[PDB]
Amino acid sequence: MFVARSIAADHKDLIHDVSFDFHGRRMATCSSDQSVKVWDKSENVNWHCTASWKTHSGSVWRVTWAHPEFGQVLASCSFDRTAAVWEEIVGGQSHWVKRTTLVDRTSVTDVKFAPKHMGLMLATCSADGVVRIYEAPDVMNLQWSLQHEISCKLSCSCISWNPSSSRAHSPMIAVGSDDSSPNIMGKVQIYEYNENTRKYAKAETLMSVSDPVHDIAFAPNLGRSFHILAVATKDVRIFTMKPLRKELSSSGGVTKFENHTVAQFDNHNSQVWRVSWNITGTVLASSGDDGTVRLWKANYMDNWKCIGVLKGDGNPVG
Amino acid sequence: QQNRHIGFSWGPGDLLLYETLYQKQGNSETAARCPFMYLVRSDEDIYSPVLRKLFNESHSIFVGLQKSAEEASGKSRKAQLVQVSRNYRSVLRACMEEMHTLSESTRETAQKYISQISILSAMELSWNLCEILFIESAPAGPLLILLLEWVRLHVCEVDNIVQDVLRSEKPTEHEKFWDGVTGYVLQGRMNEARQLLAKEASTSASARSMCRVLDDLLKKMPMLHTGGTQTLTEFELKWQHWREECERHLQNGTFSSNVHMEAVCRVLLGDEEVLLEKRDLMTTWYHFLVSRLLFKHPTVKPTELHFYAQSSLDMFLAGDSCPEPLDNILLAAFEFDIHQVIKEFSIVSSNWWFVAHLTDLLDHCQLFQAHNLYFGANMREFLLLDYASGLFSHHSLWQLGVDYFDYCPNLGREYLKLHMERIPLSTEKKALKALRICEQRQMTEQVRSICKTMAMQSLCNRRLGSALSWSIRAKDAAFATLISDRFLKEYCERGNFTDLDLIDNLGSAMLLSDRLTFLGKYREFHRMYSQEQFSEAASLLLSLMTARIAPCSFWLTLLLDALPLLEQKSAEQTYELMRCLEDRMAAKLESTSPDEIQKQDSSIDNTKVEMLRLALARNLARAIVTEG
Amino acid sequence: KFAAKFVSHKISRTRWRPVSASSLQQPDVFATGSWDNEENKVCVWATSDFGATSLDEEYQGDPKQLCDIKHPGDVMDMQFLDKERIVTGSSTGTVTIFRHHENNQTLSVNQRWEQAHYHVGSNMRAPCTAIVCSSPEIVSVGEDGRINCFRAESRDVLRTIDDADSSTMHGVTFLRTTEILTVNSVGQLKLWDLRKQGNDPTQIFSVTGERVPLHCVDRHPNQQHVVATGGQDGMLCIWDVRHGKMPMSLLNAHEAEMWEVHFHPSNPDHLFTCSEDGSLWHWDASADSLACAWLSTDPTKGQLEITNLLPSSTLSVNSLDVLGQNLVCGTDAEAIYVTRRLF
Amino acid sequence: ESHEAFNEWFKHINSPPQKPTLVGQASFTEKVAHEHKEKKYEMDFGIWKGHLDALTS
Amino acid sequence: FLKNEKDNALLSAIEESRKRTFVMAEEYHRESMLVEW
Amino acid sequence: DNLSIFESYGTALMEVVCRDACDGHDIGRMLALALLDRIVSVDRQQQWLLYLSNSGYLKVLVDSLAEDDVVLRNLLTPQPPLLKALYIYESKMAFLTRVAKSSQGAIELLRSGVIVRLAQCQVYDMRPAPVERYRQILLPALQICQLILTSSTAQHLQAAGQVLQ
């Protein structure tokens with residue numbers, strides 16, 4: 001019996017995105033009006049606009065929060081070919097201050113902070129088919145150093161860090177490929193950090209994702225011996241990735257992978273545009289051209305099913 | 001709306017939903033405003049105050065059970081489990097009663113309150129059916145006594161009818177009088193039926209002779225007793241002989257002048273047509289089942305119950321009425337299909353409470369196949385993990401979910417770590433509670449996260465003492481150095497330390513970082529200076545400068561202090577100080593920028609150095625004289 | 001001995017309504033504050049049905065809620081100022097006086113100080129961690145290290161001691177009419193004279209070598225120099241504030257954080273303590289019977305009798321209050337426990 | 001009583017506080033920990049000596 | 001002959017059960033004879 | 001003197017040994033029942049017998065006899081899965097036979113409904129080595145009954161009524 005309560009946003013232009021902070025006490029919204037707004041949740045469960053500023057002169061494609069250990073930090077990326085880092089400089093005098101602009105050749109299609117145990121790192125991807133990884137050398141001085149350039153050889157549309165804090169797994173990034181490519185398949189690529197070469201190397205290519213990829217999400221690993229990846233294309237796909245075996249005598253490779261499609265769902269009825277896991281990785285949300293958000297969950301027999309569908313008027317489908 | 005794409009964002013237990021736009025650019029005629037806030041929440045009835053009370057009381061019950069699961073064997077243990085089951089059902093009762101008073105006093109929530117009373121009725125109904133069966137598992141004989149008690153505890157309409165009849169000035173002339181007599185017979189309540197018949201025996205002489213025969217038949221009716229030495233075969237023979245006595249009285253036309261006494265005698269024979277004519281007194285097919293068992297099959301075996309249950313449902317529902325979801329649950333229980341009982345209740349119930357606690361209790365009865373599901377955990381751990389995860393969504397109940405996760409080490413420790421790091425720490429009291437919970441369960445990284453978060457919150461609030469205390473608890477040497485440097489900004493500026501008493505009491509915590517070490521040792525030097533231990537203060541300063549624990553600007557500061565110290569009215573010690581001065585100067589020539597190199601104190605430093613050289617020379621001569 | 005009432009909110013604070021010293025009436029009304037919910041409240045409760053004149057019926061009476069009011073933030077601390085007025089400290093840094101209207105069974109906001117506690121420079125609200133009342137005077141302490149003095153009829157703060165502590169203060173009590181004691185996150189008990197024009201404490205007491213947070217402080221009712229404190233280590237410390245800077249006694253009381261300590265107001269040979277470990281202990285110093293029994297340094301003179309009053313396996317007991325034969329306490333188990341026959 | 005007092009005294013005289021020893025390559029944190037151990041030893045020795053003189057009397 | 005000793009242990013256990021049966025059966029026969037007398 | 005030592009421990013040693021004799025496992029149960037059989041025989045005071053009755057262990061041992069109907073049905077087979085069950089049954093029947101030799105024991109057994117429970121057992125109606133085995137079942141059951149009642153007191157005449165049943 002989910003209940004939705006409308007608020008009068010009164011946005012100058014429609015906001016193309018909303019992002020919660022890590023604690024779900026704050027949200028950021030962004031719009032065609034060239035602004036970002038920040039909203040704080042009162043004790044009475046009401047939202048109040050606490051900051052509003054003009055951010056750019058280009059289509060803000062993505063917004064992301066840093067981990068709260070680095071303070072109140074936002075990153076945004078744009079059609080203007082830049083990513084920007086913002087810090088909430090409060091006195092009640094909040095005024096999200098631009099700390100840097102990353103300027104290294106085409107639209108920056110996605111931006112994601114790395115898992116906190118890797119430090120204050122930011123990945124960007126661009127339609128030039130490059131992923132760039134920056135590091136802030138001082139968390140108190142939000143200067144950024146370009147650490148890595150990863151040539152994907154396909155237009156990058158989206159990126160996901162593997163959130164696994166296990167020291168048994170090298171840092172991993174999934175990347176997509178929007179290119180319609182009548183033929184080229186492999187539109188999801190996986191990169192692994194190689195300690196011996198101090199470089200990201202291509203570990204995997206999901207050859208079954210011959211369709212254009214719109215979004216990708218690694219599931220929270222929560223002690224599994226295998227990774228789970230959701231992929232948004234013309235359908236919703238779920239992959240399990242099992243790392244292969246090993247010998248302590250010597251090792252310098254990407255440790256090849258066994259990949260299985262465990263689910264494929266065409267029930268979207270339109271090019272599924274977004275996929276998002278809940279905080280436990282037990283429920284998937286998807287959105288598509290059918291004007292619905294769908295909720296997916298496995299039962300105790302690992303059988304995934306839909307568990308909810310919505311309407312244009314805002315009512316949940318009976 | 002106007003073919004708009006849905007954006008979503010997962011919160012810690014909430015789903016944020018919004019209209020993104022169109023991925024089309026400014027387009028689409030259909031015009032309006034996207035002022036819609038959509039928080040989709042999983043779960044709903046948990047918010048009830050009474051249900052929360054139930055949950056607290058039963059967490060107490062669960063903890064008790066777990067702790068006592070090591071102490072008792074066979075029969076004693078079985079009885080203890082039965083009593084735990086009864087306690088759960090009593091909590092259900094209290095909750096229903098409270099909800100009912102609430103509905104009575106409040107008209108607007110009474111619709112919903114009655115819906116929830118019916119929900120709890122569902123819960124107690126299923127819990128108790130399952131209990132009785134698996135946990136008691138009574139053999140042929142006691143089974144029917146318990147089923148008569150079961151119908152009596154859940155079907156109260158006959159007692160209301162009889163109370164209304166008894167409130168009338170003339171109970172025997174009341175329209176429902178014979179319905180009260182027949183209802184007591186249908187429930188096996190022969191003594192209460194006889195008390196009503198004794199009133200009718202007063203009305204007429206012809207009624208009195210028939211009432212005496214019927215009273216004697218009801219009095220002689222064989223009943224099973226929980227403790228008799230009587231065998232089921234000796235009971236069956238007495239029951240057959242009593243039934244032949246009833247049949248003989250009917251065949252002799254003994255009751256032909258009173259249709260109601262004849263109908264009661266036909267009920268005593270188990271006449272199915274007359275039992276079905278009295279459906280409105282039984283109200284349910286399962287009351288009809290138990291009345292059929294009483295008058296046709298009093299020695300029924302557990303293994304035969306399903307056949308009679310199905311036959312009773314089919315006969316009772318023999319019109320346009322479809323079985324209710326409760327009927328499927330009760331039939332599955334009479335079939336002894338525990339998995340089907342759990343499945344049907346999982347479909348009908350909004351809440352996992354019934355299926356979680358009934359399955360937990362039935363697992364303690366050693367019934368389910370004893371193996372893990374599909375992830376190194378069993379039906380019990382899976383359902384407890386999902387229920388506990390549900391409690392973590394709620395701002396006050398997440399603390400209860402912690403203890404449920406402790407139940408299974410494999411299936412609740414990693415979830416507990418993940419959730420403990422996500423708790424909104426708004427107050428020091430809440431953080432201290434979370435820390436106590438983690439420390440008991442050995443979770444270091446989670447506690448480090450807690451402490452660092454608290455200390456950064458303190459850096460934002462400008463509470464330097466609280467921030468330092470939290471950084472020390474974090475062992476956080478990096479954050480320790482950060483706060484030491486903030487105090488250094490403050491002292492480079494004011495000429496005095498804030499919070500003197502804390503720095504003076506650092507003790508062994510001073511060793512957490514070299515920067516903190518320097519800070520504390522320098523504060524000790526100032527303390528020596530206030531105590532006129534001038535030599536001691538100066539030597540401490542010199543040692544700090546030579547160890548280079550001091551940051552390369554405190555070199556100037558400490559060097560000027562050495563300046564007046566030297567200025568006052570062994571040779572090796574004098575040479576040492578000279579070496580320290582020269583090292584400082586070489587460092588300056590290299591590290592210090594040309595801009596900072598050009599400052600005022602140079603000439604003052606040179607005069608201090610000349611005074612030191614003169615004192616050392618004379619001091620060395622004095623030392624040589626002492627050696628002589 | 002205890003009636004338990006489940007209330008669908010965690011209870012941070014419980015206090016008895018003060019009885020007039022001339023009244024033969026037993027305490028019957030108490031207040032509660034809630035915490036760790038989206039909507040917190042102050043509630044008033046009665047233990048007796050207004051009308052039972054039988055001296056001979058076993059008290060099986062569940063406490064009945066008389067009235068409530070929404071409280072912004074988490075009720076961090078709560079005290080009665082008098083019979084009609086309840087003071088609260090909020091996690092929002094607000095100090096509020098509520099008035100209880102007994103005739104109508106309602107609470108109303110009488111007065112508030114919305115900027116009682118805040119960090120200097122950011123103007124960010126800081127939690128008000130403890131309060132103490134001596135009608136008409138109110139003192140509050142907070143995470144901002146401030147000591148505020150109010151008078152119930154004054155809209156303005158009468159006195160602030162800015163930067164009184166560089167650490168969070170957790171507890172405050174009156175030593176005398178113009179003197180208070182505070183406890184903090186670095187294990188210090190600090191004595192203050194509220195007439196002294198400076199911001200320095202008059203005296204500082206601490207356990208030597210250890211910086212264990214102190215959460216609670218209470219003063220012996222008849223002996224103005226005897227003080228009890230509780231810490232994060234579950235230790236009960238007894239102090240003579242005239243003798244040295246160290247406690248006179250260190251007693252192993254709890255397995256986790258000690259939230260409250262109270263001397264019995266009329267029989268101070270009894271003391272009560274509650275903890276995060278879920279326990280509620282009664283301490284009796286009368287068992288050997290003017291040397292305060294609590295200040296006995298002779299382990300052979302004054303056997304303290306110690307009794308756990310609650311069942312094993314309660315969640316955190318966040319607050320207790322004791323008046324005459326009556327004790328109330330509040331827990332994280334969404335429960336209020338009440339006894340009317342302590343002894 | 002004289003034999004009991006002597007045995008209490010004899011137990012106490014044979015349990016003197018241990019003087020802290022500095023290991024010859026101690027870190028800065030270990031030197032601060034040693035000064036804290038030495039101050040603790042002087043205090044513990046003062047208490048032990050006061051108790052010894054009372055038991056001796 | 002360690003295995004023989006193990007077998008002997010099993011044999012001794014069987015002998016103990018047999019002695020128990022010998023005693024109780026003899027007692028029952030004696031009781032029946034006493035009742036007849 | 002041995003009995004004084006058994007008592008001296010208290011109802012604690014008696015409870016642990018009697019509980020374990022009931023529902024331990026195979027060998028241990030058999031040996032524990034044998035031990036109980038032997039201790040109750042030298043029980044002139046009959047304290048052990050009183051403890052067994054008051055603590056409910058005697059009732060549990062009697063109720064557990066209904067367990068063997070399925071065992072007997074499986075056993076009437078040409079090949080027997082395990083003779084262990086037969087030995088437990090023997091030790092158990094031996095112990096019960098020993099308890100029945102006592103004038104009081106016979107009364108306590110009658111109060112506990114031993115004849116009623118034997119009358120409910122269908123194994124006695126399955127007359128077929130298998131024939132020898134039916135024979136032996138009959139032996140123990142009827143044993144206990146007859147011996148008991150006979151050596152039973154004159155006041156407990158119903159004994160005759162229950163046996164006739």
# chains A, B, ... in the order shown; residues from 1 in each chain; ligands from 1
call {"tool": "residues_around", "arguments": {"residues": "stretch 88-95 of chain F", "least_positions_apart": "6", "cutoff": "9 Å", "atoms": "only C-alpha atoms", "output": "tab-separated table (two decimals) with N, CA, C and O atoms, in the first residue's frame"}}
result
chain	number	residue	atom	x	y	z
E	17	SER	N	23.41	-58.68	29.19
E	17	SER	CA	21.97	-58.62	28.83
E	17	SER	C	21.30	-59.96	29.15
E	17	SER	O	20.18	-59.97	29.72
E	20	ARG	N	20.69	-60.45	32.82
E	20	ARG	CA	19.50	-59.65	33.22
E	20	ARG	C	18.25	-60.45	32.87
E	20	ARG	O	17.41	-60.65	33.75
E	21	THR	N	18.20	-61.00	31.65
E	21	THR	CA	17.01	-61.78	31.23
E	21	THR	C	16.86	-63.02	32.12
E	21	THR	O	15.71	-63.38	32.43
E	23	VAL	N	17.82	-63.46	35.31
E	23	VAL	CA	17.35	-63.04	36.67
E	23	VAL	C	15.86	-62.71	36.64
E	23	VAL	O	15.10	-63.35	37.39
E	24	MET	N	15.44	-61.78	35.77
E	24	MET	CA	14.02	-61.34	35.73
E	24	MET	C	13.09	-62.51	35.39
E	24	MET	O	12.07	-62.67	36.08
E	25	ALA	N	13.47	-63.34	34.40
E	25	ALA	CA	12.61	-64.48	34.01
E	25	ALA	C	12.48	-65.45	35.19
E	25	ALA	O	11.34	-65.89	35.49
F	26	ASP	N	20.08	-46.51	21.52
F	26	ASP	CA	20.54	-47.90	21.43
F	26	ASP	C	21.24	-48.43	22.65
F	26	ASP	O	20.65	-48.49	23.73
F	27	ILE	N	22.49	-48.85	22.49
F	27	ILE	CA	23.24	-49.45	23.58
F	27	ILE	C	23.05	-48.77	24.92
F	27	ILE	O	22.67	-49.41	25.90
F	29	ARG	N	20.78	-46.90	26.07
F	29	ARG	CA	19.42	-47.03	26.60
F	29	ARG	C	19.19	-48.41	27.20
F	29	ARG	O	18.63	-48.54	28.29
F	30	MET	N	19.68	-49.37	26.41
F	30	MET	CA	19.56	-50.76	26.84
F	30	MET	C	20.27	-50.99	28.17
F	30	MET	O	19.70	-51.56	29.10
F	31	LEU	N	21.48	-50.48	28.29
F	31	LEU	CA	22.30	-50.65	29.49
F	31	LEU	C	21.74	-49.84	30.65
F	31	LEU	O	21.75	-50.31	31.79
F	32	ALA	N	21.29	-48.63	30.34
F	32	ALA	CA	20.68	-47.80	31.38
F	32	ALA	C	19.43	-48.46	31.95
F	32	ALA	O	19.22	-48.45	33.17
F	33	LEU	N	18.57	-49.14	31.01
F	33	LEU	CA	17.37	-49.85	31.45
F	33	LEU	C	17.73	-51.08	32.27
F	33	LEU	O	17.07	-51.38	33.26
F	34	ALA	N	18.77	-51.71	31.90
F	34	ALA	CA	19.26	-52.87	32.65
F	34	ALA	C	19.73	-52.47	34.04
F	34	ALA	O	19.50	-53.18	35.02
F	35	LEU	N	20.46	-51.33	34.03
F	35	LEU	CA	20.93	-50.80	35.31
F	35	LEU	C	19.76	-50.46	36.22
F	35	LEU	O	19.77	-50.79	37.41
F	36	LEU	N	18.73	-49.78	35.60
F	36	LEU	CA	17.53	-49.44	36.37
F	36	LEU	C	16.85	-50.69	36.90
F	36	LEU	O	16.39	-50.71	38.05
F	37	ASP	N	16.84	-51.74	36.00
F	37	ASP	CA	16.25	-53.03	36.37
F	37	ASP	C	16.94	-53.62	37.59
F	37	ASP	O	16.28	-54.05	38.54
F	38	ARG	N	18.25	-53.50	37.63
F	38	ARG	CA	19.05	-54.08	38.69
F	38	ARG	C	18.95	-53.25	39.97
F	38	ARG	O	18.84	-53.80	41.07
F	40	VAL	N	16.46	-51.30	40.92
F	40	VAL	CA	15.11	-51.36	41.46
F	40	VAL	C	14.90	-52.70	42.18
F	40	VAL	O	14.17	-52.77	43.17
F	41	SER	N	15.71	-53.74	41.77
F	41	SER	CA	15.61	-55.06	42.39
F	41	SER	C	16.18	-55.05	43.81
F	41	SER	O	15.70	-55.78	44.68
F	61	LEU	N	8.43	-44.46	29.93
F	61	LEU	CA	8.89	-45.79	29.53
F	61	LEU	C	7.72	-46.65	29.07
F	61	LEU	O	7.83	-47.36	28.07
F	65	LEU	N	6.30	-48.02	24.75
F	65	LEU	CA	5.99	-49.37	24.29
F	65	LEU	C	5.16	-49.33	23.01
F	65	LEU	O	5.31	-50.19	22.14
F	68	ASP	N	6.90	-49.75	19.37
F	68	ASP	CA	7.32	-51.04	18.78
F	68	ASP	C	6.27	-51.68	17.86
F	68	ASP	O	6.60	-52.71	17.29
F	140	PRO	N	7.01	-61.42	26.34
F	140	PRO	CA	6.98	-60.20	27.18
F	140	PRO	C	5.65	-59.53	27.57
F	140	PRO	O	5.48	-59.23	28.78
F	141	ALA	N	4.74	-59.28	26.62
F	141	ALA	CA	3.52	-58.55	27.03
F	141	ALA	C	2.71	-59.28	28.08
F	141	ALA	O	2.42	-58.79	29.24
F	143	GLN	N	3.59	-61.49	29.87
F	143	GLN	CA	4.42	-61.70	31.05
F	143	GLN	C	4.10	-60.70	32.00
F	143	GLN	O	3.49	-60.99	33.07
F	144	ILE	N	4.44	-59.49	31.58
F	144	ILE	CA	4.24	-58.44	32.51
F	144	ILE	C	2.81	-58.59	33.04
F	144	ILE	O	2.63	-58.88	34.24
call {"tool": "residues_around", "arguments": {"residues": "stretch 119-132 of chain F", "least_positions_apart": "3", "cutoff": "6 Å", "atoms": "only C-alpha atoms", "output": "count of residues only"}}
result
4
call {"tool": "closest_atom_pairs", "arguments": {"of": "chain B", "to": "chain C", "cutoff": "6 Å", "atoms": "only C-alpha atoms", "output": "JSON lines"}}
result
{"residue": "B:49", "atom": "CA", "partner": "C:8", "partner_atom": "CA", "distance": 5.1}
{"residue": "B:52", "atom": "CA", "partner": "C:8", "partner_atom": "CA", "distance": 5.8}
{"residue": "B:53", "atom": "CA", "partner": "C:6", "partner_atom": "CA", "distance": 5.3}
{"residue": "B:395", "atom": "CA", "partner": "C:37", "partner_atom": "CA", "distance": 5.3}
{"residue": "B:396", "atom": "CA", "partner": "C:37", "partner_atom": "CA", "distance": 5.3}
{"residue": "B:461", "atom": "CA", "partner": "C:119", "partner_atom": "CA", "distance": 5.6}
{"residue": "B:465", "atom": "CA", "partner": "C:167", "partner_atom": "CA", "distance": 4.5}
{"residue": "B:466", "atom": "CA", "partner": "C:167", "partner_atom": "CA", "distance": 4.8}
{"residue": "B:499", "atom": "CA", "partner": "C:166", "partner_atom": "CA", "distance": 5.8}
call {"tool": "write_last_selection", "arguments": {"atoms": "N, CA and C atoms", "output": "mmCIF file, in the first residue's frame"}}
result
data_model
loop_
_atom_site.group_PDB
_atom_site.id
_atom_site.type_symbol
_atom_site.label_atom_id
_atom_site.label_comp_id
_atom_site.auth_asym_id
_atom_site.auth_seq_id
_atom_site.Cartn_x
_atom_site.Cartn_y
_atom_site.Cartn_z
ATOM 1 N N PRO B 49 0.027 1.035 16.490
ATOM 2 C CA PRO B 49 0.717 0.934 17.816
ATOM 3 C C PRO B 49 0.620 -0.471 18.499
ATOM 4 N N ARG B 52 2.997 -3.125 17.130
ATOM 5 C CA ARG B 52 4.363 -2.875 17.648
ATOM 6 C C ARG B 52 4.501 -3.437 19.080
ATOM 7 N N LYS B 53 3.491 -3.181 19.921
ATOM 8 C CA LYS B 53 3.530 -3.774 21.283
ATOM 9 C C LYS B 53 3.654 -5.312 21.186
ATOM 10 N N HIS B 395 12.070 3.728 11.623
ATOM 11 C CA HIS B 395 12.977 4.609 12.369
ATOM 12 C C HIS B 395 13.244 4.195 13.830
ATOM 13 N N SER B 396 12.315 3.471 14.469
ATOM 14 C CA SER B 396 12.431 3.012 15.863
ATOM 15 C C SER B 396 12.603 1.506 16.028
ATOM 16 N N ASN B 461 30.557 21.179 13.185
ATOM 17 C CA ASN B 461 29.871 21.908 14.283
ATOM 18 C C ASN B 461 30.823 22.821 15.054
ATOM 19 N N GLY B 465 36.980 19.638 20.785
ATOM 20 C CA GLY B 465 37.179 18.617 21.814
ATOM 21 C C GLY B 465 36.466 17.309 21.478
ATOM 22 N N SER B 466 35.171 17.375 21.160
ATOM 23 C CA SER B 466 34.413 16.196 20.721
ATOM 24 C C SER B 466 35.047 15.547 19.485
ATOM 25 N N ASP B 499 41.280 24.725 25.109
ATOM 26 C CA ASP B 499 41.129 23.410 25.774
ATOM 27 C C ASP B 499 42.419 22.802 26.394
#
call {"tool": "select_by_dssp", "arguments": {"residues": "stretch 18-136 of chain B", "states": "alpha helix (DSSP H)", "output": "MDAnalysis selection string"}}
result
chainID B and resid 49:68 74:105 107:130
call {"tool": "interface_residues", "arguments": {"of": "chain B", "to": "chain A", "cutoff": "7 Å", "atoms": "only C-alpha atoms", "output": "compact mmCIF listing (two decimals) with C-alpha atoms, in the first residue's frame"}}
result
# COMPACT_ATOMS: atom_id res chain seq x y z
CA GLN B 1 1.56 11.40 -18.48
CA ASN B 3 4.52 9.40 -22.65
CA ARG B 4 6.95 10.47 -19.88
CA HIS B 5 9.90 8.31 -18.79
CA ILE B 6 10.13 7.28 -15.10
CA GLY B 7 13.34 8.01 -13.19
CA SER B 9 16.51 6.34 -7.06
CA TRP B 10 16.92 3.78 -4.27
CA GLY B 11 17.17 5.15 -0.74
CA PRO B 12 18.12 3.00 2.34
CA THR B 20 12.59 12.41 -15.83
CA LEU B 21 11.33 14.30 -18.93
CA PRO B 35 4.88 18.53 -9.15
CA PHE B 36 4.60 14.88 -7.99
CA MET B 37 6.37 13.34 -4.95
CA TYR B 38 6.17 9.51 -4.97
CA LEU B 39 7.63 7.64 -2.00
CA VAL B 40 6.88 3.95 -2.57
CA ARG B 41 7.24 2.05 0.72
CA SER B 42 7.13 -1.75 1.10
CA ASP B 43 4.84 -2.82 4.07
CA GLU B 44 1.99 -0.86 5.84
CA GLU B 414 26.90 -9.51 7.12
CA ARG B 422 23.82 3.10 7.27
CA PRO B 424 21.50 7.97 10.61
CA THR B 453 31.48 10.24 10.94
call {"tool": "residues_around", "arguments": {"residues": "residue A:99", "least_positions_apart": "5", "cutoff": "6 Å", "atoms": "only C-alpha atoms", "output": "MDAnalysis selection string"}}
result
chainID A and resid 85:86 142
call {"tool": "write_last_selection", "arguments": {"atoms": "C-alpha atoms", "output": "JSON list (two decimals), in the first residue's frame"}}
result
[["chain", "number", "residue", "atom", "x", "y", "z"],
["A", 85, "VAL", "CA", 32.93, 18.93, -8.50],
["A", 86, "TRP", "CA", 30.86, 20.89, -5.97],
["A", 142, "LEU", "CA", 38.79, 19.71, -3.60]]
call {"tool": "interface_residues", "arguments": {"of": "chain B", "to": "chain D", "cutoff": "9 Å", "atoms": "only C-alpha atoms", "output": "VMD selection string"}}
result
chain B and resid 507 to 514 517
call {"tool": "write_last_selection", "arguments": {"atoms": "N, CA, C and O atoms", "output": "JSON list (two decimals), in the first residue's frame"}}
result
[["chain", "number", "residue", "atom", "x", "y", "z"],
["B", 507, "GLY", "N", 48.22, 11.63, 28.09],
["B", 507, "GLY", "CA", 48.90, 10.42, 28.55],
["B", 507, "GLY", "C", 49.51, 9.60, 27.40],
["B", 507, "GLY", "O", 50.19, 10.14, 26.53],
["B", 508, "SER", "N", 49.24, 8.29, 27.36],
["B", 508, "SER", "CA", 49.72, 7.40, 26.29],
["B", 508, "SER", "C", 49.04, 7.65, 24.93],
["B", 508, "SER", "O", 49.60, 7.25, 23.91],
["B", 509, "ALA", "N", 47.89, 8.33, 24.89],
["B", 509, "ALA", "CA", 47.22, 8.66, 23.63],
["B", 509, "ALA", "C", 48.01, 9.65, 22.77],
["B", 509, "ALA", "O", 47.80, 9.71, 21.56],
["B", 510, "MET", "N", 48.94, 10.38, 23.39],
["B", 510, "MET", "CA", 49.85, 11.28, 22.69],
["B", 510, "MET", "C", 50.64, 10.57, 21.58],
["B", 510, "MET", "O", 50.87, 11.16, 20.53],
["B", 511, "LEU", "N", 50.97, 9.28, 21.76],
["B", 511, "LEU", "CA", 51.71, 8.45, 20.81],
["B", 511, "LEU", "C", 50.90, 8.00, 19.59],
["B", 511, "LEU", "O", 51.41, 7.26, 18.75],
["B", 512, "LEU", "N", 49.62, 8.39, 19.48],
["B", 512, "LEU", "CA", 48.79, 8.01, 18.34],
["B", 512, "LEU", "C", 49.32, 8.58, 17.02],
["B", 512, "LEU", "O", 49.16, 7.94, 15.98],
["B", 513, "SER", "N", 49.92, 9.77, 17.05],
["B", 513, "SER", "CA", 50.61, 10.34, 15.90],
["B", 513, "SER", "C", 51.78, 11.23, 16.32],
["B", 513, "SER", "O", 51.77, 11.82, 17.40],
["B", 514, "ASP", "N", 52.75, 11.35, 15.42],
["B", 514, "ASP", "CA", 53.91, 12.21, 15.68],
["B", 514, "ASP", "C", 53.46, 13.66, 15.86],
["B", 514, "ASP", "O", 54.01, 14.37, 16.67],
["B", 517, "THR", "N", 52.02, 13.99, 19.13],
["B", 517, "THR", "CA", 53.12, 13.85, 20.09],
["B", 517, "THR", "C", 53.76, 15.21, 20.27],
["B", 517, "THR", "O", 53.90, 15.70, 21.40]]
